[PDB]
Amino acid sequence: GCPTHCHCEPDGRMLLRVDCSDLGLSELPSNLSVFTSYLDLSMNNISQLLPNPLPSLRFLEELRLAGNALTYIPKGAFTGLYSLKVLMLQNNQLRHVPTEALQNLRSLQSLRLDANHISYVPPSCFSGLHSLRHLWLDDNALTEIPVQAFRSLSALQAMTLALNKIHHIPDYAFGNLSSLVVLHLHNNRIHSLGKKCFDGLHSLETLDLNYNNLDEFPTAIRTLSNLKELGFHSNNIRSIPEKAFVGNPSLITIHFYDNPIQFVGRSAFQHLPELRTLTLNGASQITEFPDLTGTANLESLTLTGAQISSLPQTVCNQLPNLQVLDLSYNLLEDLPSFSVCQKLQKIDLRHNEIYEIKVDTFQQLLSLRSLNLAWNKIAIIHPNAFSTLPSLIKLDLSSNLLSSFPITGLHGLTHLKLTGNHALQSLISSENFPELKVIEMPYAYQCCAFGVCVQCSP
Amino acid sequence: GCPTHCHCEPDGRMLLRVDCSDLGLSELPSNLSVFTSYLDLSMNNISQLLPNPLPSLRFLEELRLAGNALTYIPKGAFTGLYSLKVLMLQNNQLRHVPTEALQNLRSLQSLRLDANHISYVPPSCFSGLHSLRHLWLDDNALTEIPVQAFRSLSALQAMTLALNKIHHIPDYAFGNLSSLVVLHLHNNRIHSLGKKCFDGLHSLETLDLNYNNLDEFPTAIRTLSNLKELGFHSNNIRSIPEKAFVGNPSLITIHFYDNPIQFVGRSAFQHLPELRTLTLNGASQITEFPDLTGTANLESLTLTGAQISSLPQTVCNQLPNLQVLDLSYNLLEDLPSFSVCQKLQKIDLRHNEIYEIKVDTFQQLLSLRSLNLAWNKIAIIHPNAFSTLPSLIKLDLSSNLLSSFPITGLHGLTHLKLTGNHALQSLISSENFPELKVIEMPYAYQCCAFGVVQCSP
Amino acid sequence: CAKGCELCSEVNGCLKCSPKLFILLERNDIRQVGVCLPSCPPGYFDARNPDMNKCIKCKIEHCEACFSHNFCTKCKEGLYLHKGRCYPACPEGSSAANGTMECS
Amino acid sequence: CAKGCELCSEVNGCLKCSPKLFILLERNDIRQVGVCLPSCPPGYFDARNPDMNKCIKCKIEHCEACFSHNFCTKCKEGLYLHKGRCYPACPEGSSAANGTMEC
Ligand SMILES: *[C@@H]1O[C@H](CO)[C@@H](O[C@@H]2O[C@H](CO)[C@@H](O[C@@H]3O[C@H](CO)[C@@H](O)[C@H](O)[C@@H]3O)[C@H](O)[C@H]2NC(C)=O)[C@H](O)[C@H]1NC(C)=O
Ligand SMILES: *[C@@H]1O[C@H](CO)[C@@H](O)[C@H](O)[C@H]1NC(C)=O
Ligand SMILES: *[C@@H]1O[C@H](CO)[C@@H](O)[C@H](O)[C@H]1NC(C)=O
Ligand SMILES: *[C@@H]1O[C@H](CO)[C@@H](O)[C@H](O)[C@H]1NC(C)=O
Ligand SMILES: *[C@@H]1O[C@H](CO)[C@@H](O)[C@H](O)[C@H]1NC(C)=O
């Protein structure tokens with residue numbers, strides 16, 4: 001018995017599915033018999049539910065009630081819904097979590113209350129939903145963390161309070177809900193949090209504080225051992241303090257960009273054995289290379305716009321498993337070995353005060369593919385410096401003070417860049433440089449030596 | 001009567017040319033045809049000239065004696081030379097300019113004494129060479145400017161002392177030689193010059209101090225009004241002082257790159273109406289934009305790697321007819337009009353602290369082709385900001401924290417880069433954006449809106 | 001243009017959604033098309049932003065439906081779901097699985 | 001390889017010259033060739049450097065042979081020669097042109 005206007009189908013065995021989606025109903029359907037296993041009412045102008053709700057369909061897995069602009073759910077509305085598993089109450093115009101519509105609804109796992117105009121969450125509204133694992137409370141007008149009602153949600157594993165207007169997170173704001181694995185608080189107005197907010201969830205693995213207004217680094221992060229992912233970008237932090245992520249080993253990825261970060265601790269990024277990625281742009285007060293003990297499996301390290309002086313002798317010892325390095329736009333004069341730091345694939349050291357290239361400084365980089373040393377003060381190259389880099393294909397020494405050019409090894413690449421090097425005038429052959437297709441030269445006369453009088457810009 | 005093995009030919013009317021190059025004589029030929037109007041012996045192991053000279057040929061315009069092994073030229077050797085105009089004595093192993101040998105050779109106009117090992121020039125060696133206009137004296141082992149022997153050379157117009165080992169330019173070192181137009185002192189080791197060295201030559205137009213060891217800015221340049229080109233690059237100068245080029249208007253080109261320059265004066269670049277180009281990168285100590293009044297015909301201005309705070313409003317008033325502008329990698333926050341300064345074709349203001357772009361900040365730039373504002377802190381775009389730029393074809397707004405995007409004007413260009421702007425999430429359509437060939441996107445899903453032409457997610 | 005859609009192109013379908021809805025993409029033969037949904041179909045998860053709300057493909061191994069990323073809401077059969085992730089074992093801290101596939 | 005030449009490619013010609021000789025370029029059908037000469041031919045001028053000495057074309061208006069850039073040593077007929085430059089006139093401070101061609 002499919003209701004009028006609607007679309008029906010058998011679920012698994014003989015249970016029935018009623019689709020009453022965008023049909024623009026006035027009220028929910030009458031009739032609509034038992035055997036019904038999930039029910040969709042979306043975008044259909046439902047003011048009040050109802051003069052006659054419809055409980056007693058004891059087999060209903062799922063009600064979807066999104067886009068219906070109701071203002072308030074009376075209590076007994078969901079009583080007979082004994083097998084309710086997922087209830088959706090999205091983009092409706094609720095102003096508060098149903099004071100009592102939502103309780104002792106035993107078997108429900110996911111409750112979706114986003115895109116409403118909810119502002120206050122009543123205490124013990126969530127009394128007796130010991131199965132709720134998924135909760136939406138985003139795109140709403142919350143003002144604080146509803147600590148009260150949240151306790152009874154100890155089965156909660158994933159929650160989102162994104163896109164609200166919460167500004168402060170009190171201590172123990174999430175006391176009991178230790179089952180929580182995913183917490184989402186982005187696009188809010190979070191300025192300050194307590195020293196002991198996050199101490200509740202011992203099973204939290206992901207955290208989202210992105211697009212918010214915090215001024216200082218959240219030190220409450222320290223207590224979340226199991227945390228794997230963390231994001232606090234597009235905020236207003238000034239600096240990462242020493243031993244910031246000490247309390248969170250087994251962190252994989254971190255997000256903090258578009259934040260006016262100025263100082264980063266030396267040891268701030270120590271002991272994160274599985275950390276894979278890094279990018280640090282524009283940290284001026286950084287005068288030191290950061291310590292990376294116990295963090296040896298990074299693959300991409302880039303540190304720019306600072307005032308580093310030079311690198312420690314054995315710098316790369318802490319750093320295997322990486323492939324890309326970018327230490328551009330700093331005050332680098334002397335250069336380390338780079339030898340041990342194998343498997344390197346791409347390097348960028350432009351705009352440094354490097355006056356020289358020693359022999360070993362790029363020795364035995366069998367994986368190195370790209371080397372950029374443009375805009376430096378490189379007066380002199382020891383000839384065998386490049387003797388040992390087969391995998392090298394693109395090379396730049398632009399805007400330098402070079403007079404001659406080394407020759408050993410090297411032979412066989414794709415890019416070679418040499419402007420600003422006016423002291424370079426002598427020729428170079430197509431032979432001992434085949435497969436070269438894109439080229440720059442200080443003077444036009446040497447470019448045609450490669451047949452342009454393939455690309456080559458004088 | 002052309003000498004054996006050489007190849008002869010008649011010049012103009014009936015004159016004879018004897019070419020005896022690349023043959024390795026022991027000595028010059030004995031029985032020579034006079035009638036000779038120019039004569040070349042180059043690369044031919046000529047030790048001594050000689051037991052038997054051959055003057056009295058009154059007419060050779062040109063003797064070429066390069067690449068040969070002489071050590072000292074005797075006095076009477078070139079006497080009968082009533083018509084010598086150009087004598088070349090290069091690639092030789094001379095230790096000093098011939099004492100007297102090169103004296104009163106009337107018609108001599110160009111003298112090539114380079115590629116030797118001369119360190120000493122006798123005073124009055126160049127006595128009576130009143131037709132000498134051109135002098136080579138490079139790649140020799142000189143130690144000082146030999147001012148004495150130089151005075152009598154008041155007809156000299158072109159000279160080269162490049163690549164010797166002179167260290168200091170004495171006071172008045174070039175006293176009378178006011179006829180001099182080109183001076184060459186590059187690839188040398190000049191550490192110091194006098195306050196009044198260059199005041200001699202009133203006709204100098206070019207000066208070469210490139211590749212030298214100057215520590216301080218040469219203030220002696222001031223007296224040189226007629227100077228047009230100047231090069232002092234690859235030295236060890238630290239700063240350009242205020243009113244540096246005050247004394248040399250009608251300067252067209254200036255060269256000072258590869259110099260550890262830190263500070264430049266504000267008014268240092270005033271009044272040089274014909275200057276076309278300048279590039280000054282890594283001048284940290286400058287905190288202000290330089291003044292450019294009476295100098296409005298710049299076509300290429302680029303200023304990066306400094307610490308200026310902002311641009312004065314009326315910047316473009318001094319600055320029409322420019323085409324390329326580059327103030328990247330610095331501390332720019334607010335932006336002036338840029339309207340007044342039309343004819344602009346290329347702009348680059350990347351790596352500045354620009355948090356905003358106004359409506360007027362780019363109004364009316366029809367010659368503009370490419371505008372780069374990557375790596376700034378620009379939170380917001382006023383939509384009509386780009387309403388008025390037909391010719392715009394290349395744009396970069398990467399790493400800039402935008403949320404939205406205007407669409408106003410512009411439509412139909414060739415390059416667009418907006419990565420690093422993660423708060424951009426809404427899509428952008430193929431229509432109202434034709435001719436788009438290379439594109440970057442913060443995220444893959446909007447790249448696809450263009451049929452993926454190139455597009456990197 | 002379409003029901004509950006603000007901007008429509010004949011090439012892309014829906015470009016933008018009515019205030020509080022979700023955009024659904026699909027790349028068909030190197031062509032993408034947009035439709036607007038009150039919520040997403042199975043296999044994705046619902047992501048809101050003040051700029052764009054989009055139904056996003058769930059980048060998880062052996063997962064049928066999800067909440068956000070790195071958290072699965074329902075896993076695929078023969079595989080068990082432990083705290084939003086999917087495994088055949090599932091510790092040994094002390095979990096164990098009833099007549100369904102939902103270890104505690 | 002060639003007279004006073006140390007390094008030779010059959011495709012580019014001479015690539016380098018003996019210590020104190022000038023390398024000469026010439027564009028033969030969008031292929032370049034290097035040759036070695038004790039001095040440059042007219043239309044050039046001799047430019048020395050500690051790295052390399054090269055024969056350089058004189059990028060000038062109406063001149064046959066020169067010393068360097070912007071300064072001509074010999075101009076072509078019908079035009080006057082003044083202080084390395086060439087004009088049909090030639091001022092007005094006190095120059096004047098006699099039976100020859102050197103105002
Ligand atoms: C801290 O979190 C726990 C975990 O949810 C909160 O819930 C639990 O409270 C209930 C009482 O409402 C206890 O369950 C009881 O047991 C029988 C079945 O054994 C049940 O039929 C009763 O109706 C009753 O629900 C349960 O022991 C307790 N769980 C734990 C782990 O303590 C607790 O209320 C939260 N409170 C605070 C102050 O942290
Ligand atoms: C929804 O239905 C009610 C009838 O109770 C009507 O008054 C209202 O205007 C409808 N809303 C919309 C948005 O159509
Ligand atoms: C050179 O000239 C002399 C006369 O001055 C003559 O006796 C001699 O045979 C000539 N030798 C040659 C090789 O022409
Ligand atoms: C070079 O000149 C010497 C005299 O200085 C002479 O003995 C020798 O034969 C000459 N060698 C050649 C190859 O001309
Ligand atoms: C050259 O210098 C001498 C002495 O330094 C001076 O008397 C003379 O006027 C100057 N000019 C000429 C043309 O001699």
# chains A, B, ... in the order shown; residues from 1 in each chain; ligands from 1
call {"tool": "residues_around", "arguments": {"residues": "residue 18 of chain C", "least_positions_apart": "2", "cutoff": "9 Å", "atoms": "only C-alpha atoms", "output": "number ranges by chain"}}
result
C: 3-6, 16, 20-22, 36
call {"tool": "residues_near_ligand", "arguments": {"ligand": "ligand 4", "cutoff": "9 Å", "atoms": "only C-alpha atoms and all ligand atoms", "output": "VMD selection string"}}
result
chain B and resid 23 to 26 44 to 48 69 to 70
call {"tool": "closest_atom_pairs", "arguments": {"of": "chain A", "to": "chain B", "cutoff": "10 Å", "atoms": "only C-alpha atoms", "output": "CSV"}}
result
residue,atom,partner,partner_atom,distance
A:211,CA,B:423,CA,9.4
A:234,CA,B:401,CA,8.9
A:257,CA,B:420,CA,9.5
A:258,CA,B:401,CA,7.3
A:260,CA,B:377,CA,10.0
A:282,CA,B:351,CA,9.8
A:305,CA,B:351,CA,10.0
A:329,CA,B:329,CA,9.9
A:351,CA,B:282,CA,9.6
A:377,CA,B:258,CA,8.6
A:399,CA,B:258,CA,9.0
A:400,CA,B:258,CA,8.2
A:401,CA,B:258,CA,7.1
A:420,CA,B:258,CA,8.4
A:421,CA,B:258,CA,9.0
A:422,CA,B:258,CA,9.1
A:423,CA,B:234,CA,9.1
call {"tool": "residues_around", "arguments": {"residues": "segment 68-76 of chain C", "least_positions_apart": "3", "cutoff": "7 Å", "atoms": "only C-alpha atoms", "output": "NGL selection string"}}
result
:C and (45 or 58-60 or 62-65 or 79-81 or 84-86)
call {"tool": "residues_near_ligand", "arguments": {"ligand": "ligand 2", "cutoff": "10 Å", "atoms": "only C-alpha atoms and all ligand atoms", "output": "PyMOL selection string"}}
result
chain A and resi 24-27+43-48+67-70
call {"tool": "residues_around", "arguments": {"residues": "residue 61 of chain D", "least_positions_apart": "2", "cutoff": "9 Å", "atoms": "only C-alpha atoms", "output": "ChimeraX atom specification"}}
result
/D:58-59,63,75,85-86
call {"tool": "interface_residues", "arguments": {"of": "chain B", "to": "chain D", "cutoff": "7 Å", "atoms": "only C-alpha atoms", "output": "PyMOL selection string"}}
result
chain B and resi 66-67+91+115+157+181
call {"tool": "write_last_selection", "arguments": {"atoms": "C-alpha atoms", "output": "tab-separated table (two decimals), in the first residue's frame"}}
result
chain	number	residue	atom	x	y	z
B	66	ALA	CA	100.40	41.81	-34.40
B	67	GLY	CA	101.07	38.38	-32.90
B	91	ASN	CA	99.80	40.16	-29.25
B	115	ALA	CA	98.03	42.15	-25.76
B	157	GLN	CA	89.01	60.50	-28.45
B	181	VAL	CA	85.00	60.63	-25.61
call {"tool": "residues_near_ligand", "arguments": {"ligand": "ligand 3", "cutoff": "12 Å", "atoms": "only C-alpha atoms and all ligand atoms", "output": "PDB file with N, CA and C atoms, in the first residue's frame"}}
result
ATOM      1  N   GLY B   1     105.668  44.555 -57.709  1.00  0.00           N
ATOM      2  CA  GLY B   1     106.552  43.530 -57.186  1.00  0.00           C
ATOM      3  C   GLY B   1     106.125  43.031 -55.819  1.00  0.00           C
ATOM      4  N   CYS B   2     105.137  42.146 -55.802  1.00  0.00           N
ATOM      5  CA  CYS B   2     104.683  41.518 -54.569  1.00  0.00           C
ATOM      6  C   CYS B   2     105.701  40.484 -54.095  1.00  0.00           C
ATOM      7  N   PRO B   3     105.963  40.440 -52.779  1.00  0.00           N
ATOM      8  CA  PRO B   3     106.934  39.481 -52.241  1.00  0.00           C
ATOM      9  C   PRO B   3     106.469  38.045 -52.438  1.00  0.00           C
ATOM     10  N   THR B   4     107.401  37.101 -52.409  1.00  0.00           N
ATOM     11  CA  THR B   4     107.068  35.697 -52.617  1.00  0.00           C
ATOM     12  C   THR B   4     106.070  35.195 -51.578  1.00  0.00           C
ATOM     13  N   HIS B   5     105.244  34.232 -51.986  1.00  0.00           N
ATOM     14  CA  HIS B   5     104.305  33.536 -51.099  1.00  0.00           C
ATOM     15  C   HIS B   5     103.173  34.430 -50.564  1.00  0.00           C
ATOM     16  N   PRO B  29     110.253  40.625 -45.766  1.00  0.00           N
ATOM     17  CA  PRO B  29     110.860  40.317 -47.066  1.00  0.00           C
ATOM     18  C   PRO B  29     111.955  41.348 -47.378  1.00  0.00           C
ATOM     19  N   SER B  30     112.977  40.983 -48.149  1.00  0.00           N
ATOM     20  CA  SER B  30     114.059  41.923 -48.440  1.00  0.00           C
ATOM     21  C   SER B  30     113.624  42.921 -49.491  1.00  0.00           C
ATOM     22  N   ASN B  31     113.380  42.431 -50.696  1.00  0.00           N
ATOM     23  CA  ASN B  31     113.114  43.312 -51.813  1.00  0.00           C
ATOM     24  C   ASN B  31     111.639  43.626 -51.867  1.00  0.00           C
ATOM     25  N   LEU B  32     111.264  44.780 -51.338  1.00  0.00           N
ATOM     26  CA  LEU B  32     109.859  45.111 -51.293  1.00  0.00           C
ATOM     27  C   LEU B  32     109.479  46.146 -52.300  1.00  0.00           C
ATOM     28  N   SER B  33     108.279  45.973 -52.819  1.00  0.00           N
ATOM     29  CA  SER B  33     107.733  46.985 -53.650  1.00  0.00           C
ATOM     30  C   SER B  33     107.386  48.059 -52.655  1.00  0.00           C
TER      31      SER B  33
END
call {"tool": "interface_residues", "arguments": {"of": "chain B", "to": "chain C", "cutoff": "12 Å", "atoms": "only C-alpha atoms", "output": "PDB file with N, CA and C atoms, in the first residue's frame"}}
result
ATOM      1  N   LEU B 402      41.486  34.764  -0.687  1.00  0.00           N
ATOM      2  CA  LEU B 402      40.235  35.301  -1.226  1.00  0.00           C
ATOM      3  C   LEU B 402      39.140  34.321  -0.841  1.00  0.00           C
ATOM      4  N   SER B 403      37.894  34.776  -0.845  1.00  0.00           N
ATOM      5  CA  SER B 403      36.750  33.910  -0.588  1.00  0.00           C
ATOM      6  C   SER B 403      35.930  33.857  -1.864  1.00  0.00           C
ATOM      7  N   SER B 404      35.753  35.049  -2.424  1.00  0.00           N
ATOM      8  CA  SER B 404      34.989  35.260  -3.630  1.00  0.00           C
ATOM      9  C   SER B 404      35.889  35.772  -4.738  1.00  0.00           C
ATOM     10  N   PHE B 405      35.248  36.128  -5.838  1.00  0.00           N
ATOM     11  CA  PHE B 405      35.933  36.480  -7.055  1.00  0.00           C
ATOM     12  C   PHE B 405      35.053  37.441  -7.833  1.00  0.00           C
ATOM     13  N   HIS B 422      42.309  28.883  -0.415  1.00  0.00           N
ATOM     14  CA  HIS B 422      41.417  27.803  -0.046  1.00  0.00           C
ATOM     15  C   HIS B 422      40.016  28.280   0.301  1.00  0.00           C
ATOM     16  N   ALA B 423      39.889  29.530   0.729  1.00  0.00           N
ATOM     17  CA  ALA B 423      38.558  30.070   0.975  1.00  0.00           C
ATOM     18  C   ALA B 423      37.794  30.316  -0.346  1.00  0.00           C
ATOM     19  N   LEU B 424      38.442  30.083  -1.490  1.00  0.00           N
ATOM     20  CA  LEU B 424      37.723  30.009  -2.765  1.00  0.00           C
ATOM     21  C   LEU B 424      37.223  28.612  -2.910  1.00  0.00           C
ATOM     22  N   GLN B 425      35.914  28.457  -2.974  1.00  0.00           N
ATOM     23  CA  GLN B 425      35.384  27.126  -3.098  1.00  0.00           C
ATOM     24  C   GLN B 425      34.343  27.059  -4.189  1.00  0.00           C
ATOM     25  N   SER B 426      33.601  28.138  -4.390  1.00  0.00           N
ATOM     26  CA  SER B 426      32.598  28.132  -5.441  1.00  0.00           C
ATOM     27  C   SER B 426      33.286  27.987  -6.793  1.00  0.00           C
ATOM     28  N   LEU B 427      32.546  27.498  -7.779  1.00  0.00           N
ATOM     29  CA  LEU B 427      33.137  27.194  -9.071  1.00  0.00           C
ATOM     30  C   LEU B 427      33.308  28.458  -9.905  1.00  0.00           C
ATOM     31  N   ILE B 428      33.812  28.274 -11.119  1.00  0.00           N
ATOM     32  CA  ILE B 428      33.975  29.347 -12.093  1.00  0.00           C
ATOM     33  C   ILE B 428      33.820  28.739 -13.484  1.00  0.00           C
ATOM     34  N   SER B 429      32.973  29.371 -14.295  1.00  0.00           N
ATOM     35  CA  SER B 429      32.462  28.759 -15.523  1.00  0.00           C
ATOM     36  C   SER B 429      33.325  28.948 -16.764  1.00  0.00           C
ATOM     37  N   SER B 430      33.175  28.015 -17.700  1.00  0.00           N
ATOM     38  CA  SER B 430      33.851  28.080 -18.987  1.00  0.00           C
ATOM     39  C   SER B 430      33.392  29.264 -19.831  1.00  0.00           C
ATOM     40  N   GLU B 431      32.083  29.488 -19.928  1.00  0.00           N
ATOM     41  CA  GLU B 431      31.599  30.727 -20.535  1.00  0.00           C
ATOM     42  C   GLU B 431      31.977  31.909 -19.641  1.00  0.00           C
ATOM     43  N   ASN B 432      31.926  33.116 -20.204  1.00  0.00           N
ATOM     44  CA  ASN B 432      32.474  34.347 -19.608  1.00  0.00           C
ATOM     45  C   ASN B 432      33.940  34.158 -19.169  1.00  0.00           C
ATOM     46  N   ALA B 444      40.606  20.453  -7.220  1.00  0.00           N
ATOM     47  CA  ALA B 444      40.348  19.726  -8.466  1.00  0.00           C
ATOM     48  C   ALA B 444      38.962  19.936  -9.113  1.00  0.00           C
ATOM     49  N   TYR B 445      37.910  20.144  -8.321  1.00  0.00           N
ATOM     50  CA  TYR B 445      36.535  20.110  -8.857  1.00  0.00           C
ATOM     51  C   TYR B 445      36.232  21.298  -9.780  1.00  0.00           C
ATOM     52  N   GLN B 446      36.872  22.442  -9.545  1.00  0.00           N
ATOM     53  CA  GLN B 446      36.652  23.621 -10.391  1.00  0.00           C
ATOM     54  C   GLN B 446      37.510  23.566 -11.652  1.00  0.00           C
ATOM     55  N   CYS B 447      38.611  22.820 -11.579  1.00  0.00           N
ATOM     56  CA  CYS B 447      39.468  22.594 -12.738  1.00  0.00           C
ATOM     57  C   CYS B 447      38.639  21.924 -13.811  1.00  0.00           C
ATOM     58  N   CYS B 448      37.797  21.002 -13.359  1.00  0.00           N
ATOM     59  CA  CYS B 448      36.982  20.174 -14.230  1.00  0.00           C
ATOM     60  C   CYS B 448      35.956  20.982 -15.010  1.00  0.00           C
ATOM     61  N   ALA B 449      35.504  22.095 -14.436  1.00  0.00           N
ATOM     62  CA  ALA B 449      34.583  23.010 -15.116  1.00  0.00           C
ATOM     63  C   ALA B 449      35.092  23.473 -16.480  1.00  0.00           C
ATOM     64  N   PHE B 450      36.373  23.226 -16.732  1.00  0.00           N
ATOM     65  CA  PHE B 450      37.021  23.587 -17.981  1.00  0.00           C
ATOM     66  C   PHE B 450      37.458  22.377 -18.809  1.00  0.00           C
ATOM     67  N   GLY B 451      36.750  21.263 -18.643  1.00  0.00           N
ATOM     68  CA  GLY B 451      36.932  20.103 -19.498  1.00  0.00           C
ATOM     69  C   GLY B 451      38.088  19.179 -19.157  1.00  0.00           C
ATOM     70  N   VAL B 452      38.735  19.419 -18.023  1.00  0.00           N
ATOM     71  CA  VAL B 452      39.749  18.497 -17.525  1.00  0.00           C
ATOM     72  C   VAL B 452      39.232  17.824 -16.260  1.00  0.00           C
TER      73      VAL B 452
END
call {"tool": "interface_residues", "arguments": {"of": "chain A", "to": "chain D", "cutoff": "10 Å", "atoms": "only C-alpha atoms", "output": "NGL selection string"}}
result
:A and (403-404 or 423-431 or 445-453)
call {"tool": "residues_near_ligand", "arguments": {"ligand": "ligand 1", "cutoff": "9 Å", "atoms": "only C-alpha atoms and all ligand atoms", "output": "PyMOL selection string"}}
result
chain A and resi 127-128+130+151-155+175-178
call {"tool": "write_last_selection", "arguments": {"atoms": "N, CA, C and O atoms", "output": "PDB file, in the first residue's frame"}}
result
ATOM      1  N   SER A 127      18.871  13.126  26.858  1.00  0.00           N
ATOM      2  CA  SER A 127      18.756  12.087  27.869  1.00  0.00           C
ATOM      3  C   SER A 127      18.240  10.790  27.246  1.00  0.00           C
ATOM      4  O   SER A 127      17.174  10.764  26.634  1.00  0.00           O
ATOM      5  N   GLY A 128      19.010   9.718  27.397  1.00  0.00           N
ATOM      6  CA  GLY A 128      18.580   8.394  26.982  1.00  0.00           C
ATOM      7  C   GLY A 128      18.739   7.992  25.525  1.00  0.00           C
ATOM      8  O   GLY A 128      18.074   7.062  25.070  1.00  0.00           O
ATOM      9  N   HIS A 130      21.418   6.408  24.084  1.00  0.00           N
ATOM     10  CA  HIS A 130      22.694   5.756  24.355  1.00  0.00           C
ATOM     11  C   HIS A 130      23.294   5.092  23.116  1.00  0.00           C
ATOM     12  O   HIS A 130      24.310   4.409  23.209  1.00  0.00           O
ATOM     13  N   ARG A 151      26.771  15.338  28.063  1.00  0.00           N
ATOM     14  CA  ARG A 151      27.288  14.229  28.865  1.00  0.00           C
ATOM     15  C   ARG A 151      26.692  12.869  28.518  1.00  0.00           C
ATOM     16  O   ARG A 151      27.422  11.887  28.383  1.00  0.00           O
ATOM     17  N   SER A 152      25.371  12.814  28.380  1.00  0.00           N
ATOM     18  CA  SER A 152      24.674  11.555  28.128  1.00  0.00           C
ATOM     19  C   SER A 152      25.044  10.936  26.775  1.00  0.00           C
ATOM     20  O   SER A 152      24.688   9.794  26.487  1.00  0.00           O
ATOM     21  N   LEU A 153      25.755  11.704  25.954  1.00  0.00           N
ATOM     22  CA  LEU A 153      26.255  11.230  24.667  1.00  0.00           C
ATOM     23  C   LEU A 153      27.611  10.549  24.766  1.00  0.00           C
ATOM     24  O   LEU A 153      28.586  11.013  24.178  1.00  0.00           O
ATOM     25  N   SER A 154      27.669   9.445  25.496  1.00  0.00           N
ATOM     26  CA  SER A 154      28.925   8.734  25.679  1.00  0.00           C
ATOM     27  C   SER A 154      29.119   7.679  24.605  1.00  0.00           C
ATOM     28  O   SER A 154      30.104   6.946  24.613  1.00  0.00           O
ATOM     29  N   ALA A 155      28.166   7.604  23.686  1.00  0.00           N
ATOM     30  CA  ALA A 155      28.265   6.680  22.568  1.00  0.00           C
ATOM     31  C   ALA A 155      28.624   7.464  21.320  1.00  0.00           C
ATOM     32  O   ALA A 155      28.881   6.894  20.260  1.00  0.00           O
ATOM     33  N   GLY A 175      33.168  16.585  28.862  1.00  0.00           N
ATOM     34  CA  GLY A 175      33.605  15.691  29.917  1.00  0.00           C
ATOM     35  C   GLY A 175      33.526  14.205  29.636  1.00  0.00           C
ATOM     36  O   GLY A 175      34.548  13.528  29.533  1.00  0.00           O
ATOM     37  N   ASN A 176      32.307  13.698  29.503  1.00  0.00           N
ATOM     38  CA  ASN A 176      32.099  12.259  29.411  1.00  0.00           C
ATOM     39  C   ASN A 176      32.295  11.630  28.039  1.00  0.00           C
ATOM     40  O   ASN A 176      32.805  10.514  27.944  1.00  0.00           O
ATOM     41  N   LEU A 177      31.880  12.326  26.985  1.00  0.00           N
ATOM     42  CA  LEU A 177      31.809  11.737  25.645  1.00  0.00           C
ATOM     43  C   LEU A 177      33.152  11.190  25.143  1.00  0.00           C
ATOM     44  O   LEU A 177      33.625  11.541  24.064  1.00  0.00           O
ATOM     45  N   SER A 178      33.726  10.276  25.919  1.00  0.00           N
ATOM     46  CA  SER A 178      35.059   9.750  25.664  1.00  0.00           C
ATOM     47  C   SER A 178      35.141   8.943  24.377  1.00  0.00           C
ATOM     48  O   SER A 178      36.230   8.669  23.879  1.00  0.00           O
TER      49      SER A 178
END
call {"tool": "select_by_dssp", "arguments": {"residues": "segment 3-97 of chain D", "states": "strand (DSSP E)", "output": "ChimeraX atom specification"}}
result
/D:5-9,13-17,22-27,32-37,46-47,54-55,63-66,72-75,80-82,85-87
call {"tool": "residues_around", "arguments": {"residues": "segment 362-365 of chain B", "least_positions_apart": "3", "cutoff": "7 Å", "atoms": "only C-alpha atoms", "output": "number ranges by chain"}}
result
B: 337-339, 342-344, 359, 368, 385-386, 388-389
call {"tool": "residues_around", "arguments": {"residues": "residue 406 of chain B", "least_positions_apart": "6", "cutoff": "10 Å", "atoms": "only C-alpha atoms", "output": "ChimeraX atom specification"}}
result
/B:381-387
call {"tool": "write_last_selection", "arguments": {"atoms": "C-alpha atoms", "output": "PDB file, in the first residue's frame"}}
result
ATOM      1  CA  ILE B 381      38.246  42.358  -3.669  1.00  0.00           C
ATOM      2  CA  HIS B 382      36.027  45.280  -4.607  1.00  0.00           C
ATOM      3  CA  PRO B 383      34.265  43.837  -7.679  1.00  0.00           C
ATOM      4  CA  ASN B 384      34.561  46.753 -10.146  1.00  0.00           C
ATOM      5  CA  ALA B 385      38.312  46.957  -9.554  1.00  0.00           C
ATOM      6  CA  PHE B 386      38.965  45.059 -12.793  1.00  0.00           C
ATOM      7  CA  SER B 387      36.124  46.613 -14.800  1.00  0.00           C
TER       8      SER B 387
END
